[PDB]
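Listed here are the chains, written in short residue letters.
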Amino acid sequence: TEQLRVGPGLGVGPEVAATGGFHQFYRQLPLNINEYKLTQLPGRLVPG
Amino acid sequence: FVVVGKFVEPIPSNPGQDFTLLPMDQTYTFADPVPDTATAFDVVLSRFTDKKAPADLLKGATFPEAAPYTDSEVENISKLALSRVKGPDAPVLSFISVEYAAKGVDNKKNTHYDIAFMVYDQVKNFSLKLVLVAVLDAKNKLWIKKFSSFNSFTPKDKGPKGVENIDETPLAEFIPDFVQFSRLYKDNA
Amino acid sequence: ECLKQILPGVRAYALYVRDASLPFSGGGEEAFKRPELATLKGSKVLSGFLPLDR
Amino acid sequence: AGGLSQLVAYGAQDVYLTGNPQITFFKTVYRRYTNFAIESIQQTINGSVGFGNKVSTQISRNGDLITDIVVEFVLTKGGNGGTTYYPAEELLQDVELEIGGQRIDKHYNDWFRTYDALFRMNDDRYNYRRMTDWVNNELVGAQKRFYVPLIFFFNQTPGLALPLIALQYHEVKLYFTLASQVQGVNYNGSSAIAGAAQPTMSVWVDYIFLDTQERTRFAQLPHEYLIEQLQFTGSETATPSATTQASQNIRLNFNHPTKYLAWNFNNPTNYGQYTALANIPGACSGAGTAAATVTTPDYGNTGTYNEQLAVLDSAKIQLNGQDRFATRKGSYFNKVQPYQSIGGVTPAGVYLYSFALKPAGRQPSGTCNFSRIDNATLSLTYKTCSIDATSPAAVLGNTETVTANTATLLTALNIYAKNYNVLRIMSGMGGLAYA
Amino acid sequence: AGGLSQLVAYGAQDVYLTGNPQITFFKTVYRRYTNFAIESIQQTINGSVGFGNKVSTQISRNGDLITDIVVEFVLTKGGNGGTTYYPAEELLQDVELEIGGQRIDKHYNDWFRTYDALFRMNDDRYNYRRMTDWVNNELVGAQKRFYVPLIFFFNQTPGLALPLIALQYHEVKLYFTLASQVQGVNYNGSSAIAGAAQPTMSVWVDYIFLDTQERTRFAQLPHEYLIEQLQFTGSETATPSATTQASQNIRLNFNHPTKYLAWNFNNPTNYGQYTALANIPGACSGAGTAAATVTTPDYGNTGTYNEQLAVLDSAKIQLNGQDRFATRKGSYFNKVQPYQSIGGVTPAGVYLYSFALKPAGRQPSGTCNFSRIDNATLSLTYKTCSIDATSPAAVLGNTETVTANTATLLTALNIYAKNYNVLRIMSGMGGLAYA
Amino acid sequence: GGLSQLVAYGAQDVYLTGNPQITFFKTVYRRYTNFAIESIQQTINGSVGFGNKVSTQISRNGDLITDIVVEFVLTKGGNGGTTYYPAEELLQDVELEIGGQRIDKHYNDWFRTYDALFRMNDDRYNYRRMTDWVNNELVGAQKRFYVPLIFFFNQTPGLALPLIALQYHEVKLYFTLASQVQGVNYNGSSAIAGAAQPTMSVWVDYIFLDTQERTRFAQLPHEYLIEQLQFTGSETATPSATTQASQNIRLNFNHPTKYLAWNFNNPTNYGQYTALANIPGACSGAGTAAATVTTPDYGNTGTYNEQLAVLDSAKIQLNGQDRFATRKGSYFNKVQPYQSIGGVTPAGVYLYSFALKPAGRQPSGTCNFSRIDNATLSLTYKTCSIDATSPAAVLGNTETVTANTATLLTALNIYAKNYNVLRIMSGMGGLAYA
Amino acid sequence: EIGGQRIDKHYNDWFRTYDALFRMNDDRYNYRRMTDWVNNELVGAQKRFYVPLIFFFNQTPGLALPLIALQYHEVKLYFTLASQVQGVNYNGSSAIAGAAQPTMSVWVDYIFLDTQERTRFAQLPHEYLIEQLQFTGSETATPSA
Amino acid sequence: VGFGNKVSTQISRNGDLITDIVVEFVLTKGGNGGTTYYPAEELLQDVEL
Amino acid sequence: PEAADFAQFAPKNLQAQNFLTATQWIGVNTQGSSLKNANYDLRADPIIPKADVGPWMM
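Let me begin by describing the structure that accompanies this report.

1. Points about the overall build of chain B
Then comes step 1: Of regular secondary structure, chain B possesses 3 helices and 7 strands.
Then comes step 2: Counted from the first residue to the last, chain B has its helices and strands arranged as β-α-β-α-β-β-β-β-β-α.
Then comes step 3: Taken over C-alpha atoms, the radius of gyration comes to 30 Å for chain B, far larger than the 16 Å a tight globule of 189 residues would show.
Then comes step 4: Principal-axis analysis of the C-alpha atoms gives chain B an extent of 95 × 75 × 35 Å.
Then comes step 5: By sequence separation, contacts in chain B at least 24 residues apart represent 51% of the contacts at least 6 residues apart.

What follows is the structure in structure tokens.
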């Protein structure tokens with residue numbers, strides 16, 4: 001066989017043996033669950 | 001996308017020599033994510049075989065030659081065939097040894113050979129078994145009928161599907177009547 | 001839905017008539033088949049004597 | 001972050017697992033099946049039911065196909081807890097399956113015991129025991145309804161349901177022989193139990209009612225069912241002794257593609273006794289005390305996993321006089337063979353040799369066709385029966401090649417073979433492709 | 001010799017097994033599957049927890065599909081070993097599954113107990129107990145985290161993973177009712193335990209993260225899932241008596257294609273008590289000694305396999321007044337039905353009648369549609385409750401048709417059924433096709 | 001009766017029985033290839049004895065190989081209660097080498113971990129019957145043990161190793177026998193005078209193929225998707241009586257991993273994954289005055305009593321990001337296997353699956369650690385404040401604590417089971433990825 | 001329940017709370033007369049009680065539930081009976097020996113429409129503005145001396 | 001970790017930038033009040049970046 | 001697929017037989033309801049326009 005020996009590094013296809021060194025740039029943020037359950041009501045005034 | 005510049009800094013006072021520390025981008029892709037075993041070698045070696053010019057229509061009836069194969073006609077024609085692999089992107093294919101070597105003598109003063117040998121691709125760090133069906137005329141011309149890799153000569157078919165479980169018993173077909181429930185719901189509107 | 005019942009209906013009837021009309025199914029030895037012994041002991045039955053060649 | 005961080009880190013090595021994906025796991029397609037219903041119908045038993053009697057039933061045409069058959073018994077304990085051992089199983093001495101006068105198959109009480117010992121397991125085995133014995137320390141006079149499921153090929157899967165509707169010319173009968181005696185019910189060892197009750201028996205058959213489309217096909221079209229059959233012969237066991245390791249060559253009078261062979265040694269006096277008796281806890285009546293005897297088992301604990309009481313030192317099987325595999329210890333056939341081929345835990349004294357990758361299943365997976373073999377022989381070597389069974393230290397501290405002096409009581413050998421045949425049903429008649 | 005001597009013995013009888021081969025067992029081709037990842041994510045519980053509280057959670061859109069759900073609880077023993085019985089199961093009184101406001105399903109603590117009694121087995125059954133009870137002889141004050149898995153269709157197989165992603169406009173919710181009392185935790189029979197701690201609770205949902213290609217298809221395509229639902233109704237048991245055989249005609253207020261129907265008789269006082277109490281080991285508090293009483297169970301051993309303590313004598317199900325099967329003994333529903341249909345062991349007092357070949361699985365394999373049965377009835381006959389529960393001789397030496405006088409306390413009847421409906425998802429919303 | 005169920009057909013049944021595709025009243029058996037299976041003894045090179053290394057080369061007798069069972073004969077160096085899976089302990093390790101390449105390697109502890117986690121019910125009991133003395137046997141008792149191997153080709157015929165296709169490579173199993181086996185040649189640290197040395201035999205079950213299939217194996221290239229075990233030992237943060245130790249253990253693993261499994265143990269006593277205590281079965285003489293909480297009841301070394309386990313909680317993180325929310329240790333001991341295996345796991349043994357069904361053979365989701373720069377297992381230990389000699393202290397205590405004797409469990413064993421591809425062609429085999 | 005959906009659900013305590021806030025004067029008294037014994041009845045006395053439901057359609061004709069328009073869906077009422085009732089089967093914590101089990105019956109007042117109105121209700125879609133009760137139980141922070 | 005020992009850490013790549021770093025120590029008093037002087041500082045003999 | 005066209009079958013005039021068996025549709029409801037056909041109101045019960053729309057109306 002060829003014995004590929006893939007290295008570290010995520011966020012890319014299998015064609016890349018290594019992408020990052022000690023700190024890869026790829027980062028993922030959480031989906032911020034229940035974001036629709038927040039209304040964000042504005043403020044209003046009273047009759048002067 | 002990284003920006004590499006010149007780093008404008010003041011001129012050094014006493015010396016002129018310093019540490020450069022050139023930029024480097026440590027990332028290595030593969031030529032294919034799955035390791036090549038014999039297919040790439042099969043096409044590159046298949047384009048080096050000769051045409052129908054040998055005309056060795058006869059069966060030959062090759063017989064084996066049990067020997068340690070130190071230095072004889074089998075390894076000589078094997079190295080002669082490996083020397084024919086001189087393409088632009090062709091591998092080096094360092095020769096190793098021969099197993100299952102057969103010679104056949106044709107009444108028209110010909111010598112056919114069925115030589116299986118092992119090669120070691122140094123650029124890819126691995127070994128392969130190649131099949132060389134080559135004949136030799138009386139005028140020392142070595143015609144190669146088929147030069148490819150072993151295990152690439154697959155049989156006619158692979159019958160069993162290779163079930164994973166030992167005993168699972170899949171559900172049998174219903175085998176309906178004259179319409180098989182497809183034309184029944186398709187013909188009606 | 002009617003054809004789901006009729007198409008098999010027709011089949012059932014036709015096969016019925018076969019059986020109603022003809023003895024057992026109208027078939028032959030295929031139906032009235034005794035088990036095959038299917039063992040090899042008989043392969044070793046030997047001749048008792050040899051004739052003179054003529 | 002989270003599960004997404006695993007999903008995103010796809011590499012070269014993952015191509016073999018998910019590249020060019022073919023399947024998923026998160027959406028199941030169930031297949032549409034035919035309409036059917038299952039109903040329990042009581043059958044009529046002809047002949048008198050009782051100990052030692054032979055009775056039979058003819059399965060009625062109360063559905064189209066049949067599967068499960070359960071023989072019910074009502075037994076009354078003739079003694080206290082610990083005096084019986086699977087008594088409903090012992091009672092049903094044998095069962096014969098005949099279609100149109102042709103024997104299809106036949107089971108024996110010992111087979112039911114071997115079959116269970118070898119192929120059932122865990123809670124299944126326990127529940128089975130609950131249906132054939134008293135397992136909650138019941139007392140003398142206790143009355144219980146037992147259920148003995150049959151183990152014929154059509155009693156194991158709907159896929160082999162017997163198409164009674166396709167057997168218009170042939171009747172299907174089950175003949176049942178009841179034992180002359182059952183331990184802890186009407187006899188205690190060799191002694192009759194005065195006042196013991198006769199068993200009440202009933203045979204139940206679970207019928208499959210098909211809808212019109214399928215019912216028609218079964219009634220009208222020919223069928224082929226790959227079926228299992230049990231071959232069985234009894235043999236005298238060469239008797240081992242304190243002075244010797246008996247050896248024996250048993251010709252195996254078997255035929256057909258065989259999935260496996262199974263066997264046991266036993267004491268015909270005590271149902272299910274496949275091991276020597278001993279004064280170690282659970283190995284004999286009264287074991288552990290002054291009253292202990294190694295002439296009578298603790299019936300409720302007749303079976304055991306203590307290999308020290310087994311008698312087979314080693315065995316091999318020859319085909320046409322040639323070794324089939326290297327000789328292995330009896331413990332191989334007791335523990336490893338079923339480990340590999342079944343996955344349950346087989347009691348000491350019960351042995352298996354498989355020819356199949358998975359003999360416990362329905363799908364054939366390698367067979368030994370004995371109809372093509374001239375001399376199949378089982379070669380056995382027995383253990384030296386020198387250990388004084390009345391001294392637990394002698395037993396518990398013994399060596400691999402020896403057993404209890406009481407092991408010489410296991411003079412009967414039962415050899416079974418389970419094979420394939422083909423059941424053909426056509427034009428209202430049926431029988432087997434091979435004899 | 002060797003394996004080759006078997007291989008060579010090929011003949012006519014082997015053609016059905018190996019001629020023109022279709023499969024091999026010596027080379028497996030694994031299928032390439034889609035990309036996904038699994039993560040266990042804590043959901044927020046809306047509402048205070050503790051005994052008697054009712055809370056709910058909404059499953060957040062963390063992943064695309066959801067399957068397994070485990071409710072964690074932390075309980076502390078209110079007494080010593082032997083005082084509790086599956087207390088985390090008892091605690092979770094019930095769980096309701098709702099999508100878009102439609103009730104999809106609902107389970108009860110007793111259902112979890114009944115389900116387990118019938119469908120879990122062996123080490124799974126034990127491991128389950130380890131997640132809901134104290135099984136290592138723990139003492140008062142012992143604290144453990146318990147894990148109560150849910151058993152809704154999507155909590156059993158990835159195949160029915162709930163497509164939360166395809167329900168873009170519908171919320172998926174779970175309502176959890178906690179018991180007001182849990183035996184051996186905050187109450188001992190009818191008495192409260194001073195100082196008992198209130199439970200801590202958390203709901204964990206295992207999410208499936210799909211890659212883009214699969215995620216998109218789930219989000220955009222319509223779906224039809226064939227799923228199972230629980231139907232449940234409680235009934236009062238015709239009071240068992242020592243004077244006669246109580247009997248009862250129970251209307252079966254059930255609907256939908258039912259894979260099976262199951263029931264149990266219990267003393268509602270004591271969770272999991274499906275049998276009469278008695279002075280035999282494990283059958284009552286203090287059983288076997290001077291302190292024994294048949295008014296309180298050995299809670300740690302509440303369940304039993306000794307049918308003698310089960311009240312049901314016999315039963316049948318009628319559909320529109322017609323017997324759906326011949327009347328069978330309660331022991332038939334307790335032992336044979338689960339032998340045939342499940343393969344585990346069912347505790348005394350729990351009865352199963354299947355309308356399916358394999359009700360323990362996902363493929364319907366035969367159902368009884370009660371939405372087409374004008375008047376289904378369960379007809380039960382009870383044993384005579386004349387056995388002196390405090391006297392082992394009477395408890396253990398009795399007859400088939402009788403039980404303990406204490407069986408009169410099994411005044412509750414729980415009838416359950418599992419059936420198939422369709423969960424349809426379209427245009428971002430979904431719910432069940434049949435009401 | 002049954003007929004009324006057929007009649008009672010509604011709209012709801014269309015999804016169950018409309019336009020039938022299948023039937024339950026007909027089975028089709030699939031015709032298969034011709035083959036035979038044979039058990040053949042291998043030659044053991046080297047020298048069998050405690051602490052010795054031996055090896056065997058699999059003879060080319062059949063075409064494919066599957067099961068391998070190692071037989072051992074041991075005698076008891078003491079009475080019942082002194083041994084614990086001694087044949088499992090004895091096979092210290094086994095290495096699978098093809099043509100000089102290490103394909104895999106198992107350790108006695110793996111066999112114990114694997115069994116404890118993935119086997120079950122009567123299979124597990126039978127296994128114990130083949131590796132230990134389970135009928136209260138006494139000193140001097142002799143028994144033959146059978147230790148099955150669990151390499152990918154020993155799990156299923158589907159991965160039978162095609163020796164026929166490996167003409168240029170030999171297949172060897174290298175074994176290390178333990179220097180000591182509890183209750184056989186040593187009792188705790190004390191040698192047992194007169195103990196016998198083991199007798200060993202290695203058996204390989206071979207598959208003999210008929211002509212067409214045999215030829216396909218010999219001539220076709222093959223790619224087997226197989227399992228491998230990765231394993232490293234680590235120093236366990238030592239838990240204590242006053243504080244909860246915590247530790248970040250880097251997971252130096254690679255390849256698509258189905259699951260991680262781990263335990264903490266006292267290396268002195270094989271199979272001890274939990275603390276010892278004066279409660280029945282939890283120590284030698286437990287439950288009485290003579291109880292010693294520093295010496296296990298060897299015959300009852302394993303337990304389901306979580307109180308004696310040391311993991312408070314754990315999480316896995318990848319490149320610093322949480323893989324999943326932190327869960328209590330009992331989750332990895334009871335729920336993970338409840339969800340992914342369906343068996344019961346002994347206290348002190350933990351599993352975290354990245355796969356839907358890790359106990360099967362078909363890939364069902366993996367974590368490829370070869371693509372992670374820093375994979376870490378983060379463990380929080382329980383407080384070891386309980387006086388193990390006082391049952392009340394043990395049995396009536398809280399969630400976050402354990403026995404003071406739990407601090408003896410200083411060896412951390414982390415396993416990872418992954419996939420790779422073993423490609424056979426050119427008469428040689430080898431791995432697709434390193 | 002309508003069509004498998006929970007529309008609403010009331011509890012005995014809601015009926016008590018509802019009454020406490022919304023019924024009054026003689027309506028409240030007459031209500032009590034239908035759910036209790038208010039004329040100093042004695043032990044053994046038997047009485048038929050009438051407990052009206054207070055779901056939106058039980059309050060006004062304006063919200064009459066169009067059963068005619070729900071041809072494919074069923075409408076159901078599930079009633080849970082208390083395990084104990086004070087002065088009926090329990091006295092404080094003590095069971096009352098000999099206490100009778102309740103008799104129960106559910107009565108529904110049905111509107112019969114003439115042809116034109118009935119047809120429109122059956123065929124037209126409807127939007128009924130209705131009320132629902134939301135309810136949860138909580139632990140009371142307990143005050144002290 | 002212990003007195004007189006040299007230990008080290010590679011700062012992980014969990015975020016993008018780093019600012020504050022705090023080394024925590026748990027120490028116990030080997031004598032009464034007045035016997036120590038900023039001992040956490042004394043213990044951390046040096047730190048190399 | 002089952003029963004291979006038997007052109008040699010003589011009784012092809014199966015007109016004297018009634019193959020339809022309306023035994024499965026006796027007592028059905030709209031889709032799967034169970035109310036014993038619910039013939040309560042002594043009126044005509046007009047047709048309700050059930051349009052096959054999605055989970056919402058519009």
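Next, the rest of the story.
2. Let's talk about the relation of the copies chain E and chain D
Then comes step 1: If you rotate chain E by 120 degrees and push it 0.1 Å along the axis, it lands on chain D with an RMSD of 0.5 Å. What we have between these two chains is a three-fold relation. No C-alpha of chain E lies nearer the rotation axis than that of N122(E), which sits 3.5 Å from it.

3. Some remarks on the environment of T136(G)
Then comes step 1: Relative to the elements of secondary structure, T136(G) occurs in the segment after α3 (115-123).
Then comes step 2: In sequence terms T136(G) and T119(G) are 17 residues apart; their C-alpha atoms lie 41 Å from each other.

4. Section: the packing of helix α5 (residues 122-132) of chain D against helix α7 (residues 330-341) of chain E
Then comes step 1: Their axes nearest at 10 Å, the elements α5(D) and α7(E) cross at an angle of 140 degrees. Taken together, the axes of α5(D) and α7(E) lie oblique to each other. For α5(D) against α7(E), the interelement crossing comes out left-handed. Across from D124(D), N127(D), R130(D) and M131(D) in α5(D), the residues of α7(E) making contact are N334(E), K335(E), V336(E) and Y339(E).
Then comes step 2: Classifying every residue of the contact of α5(D) with α7(E) by side-chain character gives 3 nonpolar, 2 polar and 3 charged.

5. With respect to the sheet that holds strand β1 (residues 36-43) of chain E
Residues and elements named next belong to chain E.
Then comes step 1: The sheet built from 4 strands is open, its strands ordered β1-β11-β4-β7 with antiparallel pairing. Pairing within the sheet leaves two strands with one partner each, and these edge strands are β1 and β7 (143-149). Within this sheet the neighbouring strands show an average axis-to-axis angle of 25 degrees, counted without direction.
Then comes step 2: Looking at chain direction, strand β4 (residues 65-76) and β7 are connected through 7 bridges and run antiparallel. When the sheet's bridge partners are listed, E72 is paired in β7 with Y147.

6. As for unusual backbone geometry
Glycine aside, residues mostly have negative phi, and peptide bonds are mostly found in the trans state.
Then comes step 1: Even without being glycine, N34(A) reaches a positive phi, approximately 60 degrees.
Then comes step 2: Examined against the element boundaries, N34(A) turns out to sit in the segment after β1 (16-18).
Then comes step 3: Note on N34(A): relative accessible area 27%, which makes it partly exposed.
Then comes step 4: With a phi angle near 75 degrees, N151(B) is a residue other than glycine that sits in the positive phi range.
Then comes step 5: Along the polypeptide, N151(B) turns up in the loop between β6 (142-149) and β7 (171-173).
Then comes step 6: Judged by its relative accessible area of 6%, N151(B) is buried.

7. Here we look at empty space enclosed by the protein
Then comes step 1: Roughly 190 Å³ of internal volume is contained in the largest cavity.
Then comes step 2: Surrounding the largest cavity, 23 residues form its lining, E307(E), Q308(E), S331(E), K383(E) and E400(E) being those nearest its centre.
Then comes step 3: Of all the secondary structure elements, the ones that give two or more residues to the lining of the largest cavity are β7 (143-149) of chain D together with β15 (312-319) and α7 of chain E.
Then comes step 4: Counted by class, the lining of the largest cavity contains 6 nonpolar, 9 polar and 8 charged residues.
Then comes step 5: Here the second largest cavity is characterised by a volume of approximately 150 Å³.
Then comes step 6: Every residue lining the second largest cavity is counted, 16 residues in all, and those nearest its centre are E307(D), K383(D), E400(D), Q142(F) and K143(F).
Then comes step 7: Looking at the lining of the second largest cavity, the elements that each hand over two or more residues are β15 (312-319) and α7 (330-341) of chain D together with β8 (142-148) of chain F.

8. Overview of the interface of chain E and chain D
Frequently, the measure chosen for interface size is the accessible area removed from exposure when the parts meet.
Then comes step 1: On the chain D side, the residues contacting the 82 residues of chain E number 78 residues.
Then comes step 2: Across the chain E/chain D interface, buried area totals approximately 7000 Å², and carbon plus sulfur atoms make up 54% of it.
Then comes step 3: Linking chain E with chain D are 3 salt bridges.
Then comes step 4: Between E72(D) and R328(E) there is a salt bridge; the shortest N-O distance is 2.8 Å.
Then comes step 5: On the surface where chain E and chain D come into contact, there are 46 residue pairs in polar contact.
Then comes step 6: Looking at which element gives the most residues to the side of chain E that touches chain D, the answer is α7(E), with 7 residues.

9. Focus on the sheet that holds strand β8 (residues 172-178) of chain D
All names here are of chain D.
Then comes step 1: Strand order in the open sheet formed by 5 strands is β2-β3-β8-β5-β6, with antiparallel pairing between adjacent strands. A strand with exactly one partner marks an edge of an open sheet, and here the two such strands are β2 (45-46) and β6 (102-108).
Then comes step 2: In terms of strand pairing, strand β5 (residues 92-99) meets β8 through 7 bridges, oriented antiparallel. Looking at β8, one finds that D94 is bridged to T177.
Then comes step 3: This element, helix α4 (residues 109-119), spans β5 and β6 of the sheet and lies at about 65 degrees to β6.

10. Thoughts on the pairing of β4(E)
Residues and elements named next belong to chain E.
Then comes step 1: The element β4 is extensively covered by neighbouring structure, given that 12 of its 12 residues are classed as buried.
Then comes step 2: With 8 bridges connecting them, β4 and strand β11 (residues 200-210) associate as antiparallel partners. Bridge pairing in β11 links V70 to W204.

11. Topic: the nonpolar core
Then comes step 1: Among the nonpolar cores identified, the biggest contains 429 residues, and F73(D), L162(D), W263(D), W263(E) and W262(F) are the most heavily contacted of them.
Then comes step 2: With sequence-adjacent residues up to four places away left out, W263(E) is seen in contact with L312(E), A315(E), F333(E), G349(E), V350(E), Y351(E), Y353(E), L378(E), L380(E), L413(E), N414(E) and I415(E).
Then comes step 3: Judged by nonpolar contacts, the second largest core, of 27 residues, contains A90(B), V98(B), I115(B) and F126(B).

12. Considering the side chain of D206(E)
Then comes step 1: Position of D206(E) relative to the elements: it lies in strand β11.
Then comes step 2: No salt bridge forms around the buried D206(E); measuring N to O, its nearest opposite-charge neighbour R327(F) is 4.9 Å away.
Then comes step 3: Only 2.7 Å separates the side chain of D206(E) from the side chain of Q339(F), close enough to count as a polar contact.
Then comes step 4: Every residue in contact with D206(E), bar those within four places of it in the chain, is listed here: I38(E), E39(E), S40(E), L65(E), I66(E), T67(E), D68(E), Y331(F) and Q339(F).

13. Description of a nonpolar patch on the surface
Then comes step 1: A cluster of nonpolar side chains, contributed by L67(G), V75(G), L77(G), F79(G), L81(G), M104(G), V106(G), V108(G), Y110(G) and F112(G), occupies part of the molecular surface with about 940 Å² of accessible area.
Then comes step 2: Residue placement: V106(G) occurs in the loop between β2 (94-95) and α3.

14. A closer look at the packing of α7(D) against helix α5 (residues 121-131) of chain F
Then comes step 1: For the pair α7(D) and α5(F), interaxial distance at closest approach is 10 Å and the crossing angle is 140 degrees. Taken together, α7(D) and α5(F) sit at an angle that is classed as oblique. Crossing of α7(D) over α5(F) shows left-handed handedness. Counting all contacts with α7(D), which are made through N334(D), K335(D), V336(D) and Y339(D), the residues of α5(F) involved are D123(F), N126(F), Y127(F), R129(F) and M130(F).

15. Focus on the pairing of β8(F)
All names here are of chain F.
Then comes step 1: β8 sits mainly inside the fold: 6 of its 7 residues count as buried.
Then comes step 2: Pairing analysis gives 7 bridges linking strand β5 (residues 64-75) to β8, with the strands arranged antiparallel. Bridged to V70 within β8 is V147.

16. Some points on the packing of aromatic side chains
Here a ring pair, both rings aromatic, is described through the centre-centre distance and the interplanar angle of the planes.
All names here are of chain F.
Then comes step 1: Under the criterion given, the structure shown has 105 aromatic pairs over all chains.
Then comes step 2: Taking 5.8 Å as the distance between ring centres and 50 degrees as the angle between the ring planes, the aromatic pair formed by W110 and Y114 counts as tilted. Of this pair, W110 and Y114 are both found in helix α4 (residues 108-118), 4 residues apart, which corresponds to roughly one turn of the helix. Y114 carries the same exposure label as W110, and that label is buried.

17. A closer look at the arrangement of the chains
Then comes step 1: The two units chain A and chain G remain apart, with a minimum C-alpha distance of 19 Å.
Then comes step 2: At no point do chain C and chain G touch; the closest pair of C-alpha atoms across them sits 22 Å apart.

18. With respect to the interface of chain B and chain E
Then comes step 1: Residue-level contacts link 8 residues of chain B with 8 residues of chain E.
Then comes step 2: Residues belonging to the side of chain B that touches chain E are distributed by class as follows: 3 nonpolar, 3 polar and 2 charged.

19. A few points about the pattern of salt bridges
Residues and elements named next belong to chain D.
Then comes step 1: Counted under the stated rule, the structure contains 58 salt bridges over all chains.
Then comes step 2: A salt bridge links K329 to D313, with the shortest nitrogen-to-oxygen separation between them at 2.7 Å. Placement of the pair is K329 in strand β17 (residues 328-329) and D313 in strand β15, with a sequence separation of 16 residues. Comparing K329 with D313, the two get one shared label, buried.

About the thresholds
Here every chain is numbered from 1 following its written sequence, which may not line up with the entry's numbers; residues without coordinates are dropped from view. The lettering of chains begins at A and the numbering of ligands begins at 1, in the order of writing. Values throughout apply to the part shown, which belongs to a larger assembly of chains. Hydrogens and water molecules were not included; the side-chain quantities draw on all heavy atoms of the structure. Residues with missing side-chain atoms are left out of burial classes, side-chain pairs and their counts. Per the convention used, a helix needs a DSSP run of H or I reaching at least four residues, while a strand needs a run of E reaching at least two, with both numbered from the N terminus. Each radius of gyration reported is based on C-alpha atoms, and the globular scaling rule is 2.2 Å times the count of residues to the power 0.38. Contacts are assigned to residue pairs with any non-hydrogen atoms lying within 4.5 Å of each other. Copy-to-copy alignment rests on a least-squares fit of C-alpha positions. Only the stretch in contact is used when fitting a helix axis, every axis being a line fitted to C-alpha atoms; angles between N-to-C directions are given from 0 to 180 degrees. In this scheme, roughly parallel covers angles under 35 degrees and roughly antiparallel covers those over 145, while 65 to 115 is roughly perpendicular and the rest are oblique. A clockwise turn of the near helix away from the far one marks a right-handed crossing, whereas an anticlockwise turn of less than a right angle marks a left-handed crossing. We call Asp, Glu, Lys and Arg charged. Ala, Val, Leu, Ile, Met, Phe, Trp, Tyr, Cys and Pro are nonpolar, and the rest, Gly among them, are polar. Here, any two strands with at least 2 DSSP bridges between them count as paired. Accessible area is worked out with a 1.4 Å probe on protein chains only. A residue is then buried under 20% of its type maximum, exposed over 50%, and partly exposed in between. Two kinds of site are reported from a 1 Å grid over the protein atoms alone, namely cavities, where a 1.4 Å probe fits but cannot get out, and pockets, open sets with protein on both sides within 12 Å along at least five of seven lines, and residues are called lining when an atom falls within 4 Å of a point. Grid points are joined across faces, edges and corners, and a volume is the space filled by probe spheres set on the points. Throughout, the accessible surface (probe 1.4 Å) given up by two parts as they are put together, summed over both, is called the buried area. The rule for a salt bridge is simple: a side-chain nitrogen of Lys or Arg has to be within 4 Å of a carboxyl oxygen of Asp or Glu. Throughout this description, a polar contact denotes any pair of N or O atoms lying within 3.5 Å of each other; where both atoms belong to protein, one of them has to be capable of donating a hydrogen while the other can accept it, and for residues adjacent in sequence the pair is counted only when both atoms sit in side chains. Here, nonpolar core refers to any group of buried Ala, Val, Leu, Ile, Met, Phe, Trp, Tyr and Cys residues whose side-chain atoms link them within 4.5 Å. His is not counted, nor are the chain ends, whereas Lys and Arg count as positive and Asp and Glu as negative. Patches here are clusters of residues that have more than 30% relative accessible area and form no salt bridge, with a 9 Å joining cutoff for like charges and a 5 Å cutoff for nonpolar side chains (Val, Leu, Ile, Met, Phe, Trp, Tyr). Every accessible area reported is derived by Shrake-Rupley at a probe size of 1.4 Å, with residue values counting cover from the shown protein chains alone. Here a pair means two rings of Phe, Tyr or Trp (six-membered ring of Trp) with centres within 6.5 Å. Their orientation is stacked below 30 degrees between planes, edge-to-face above 60, and tilted elsewhere.

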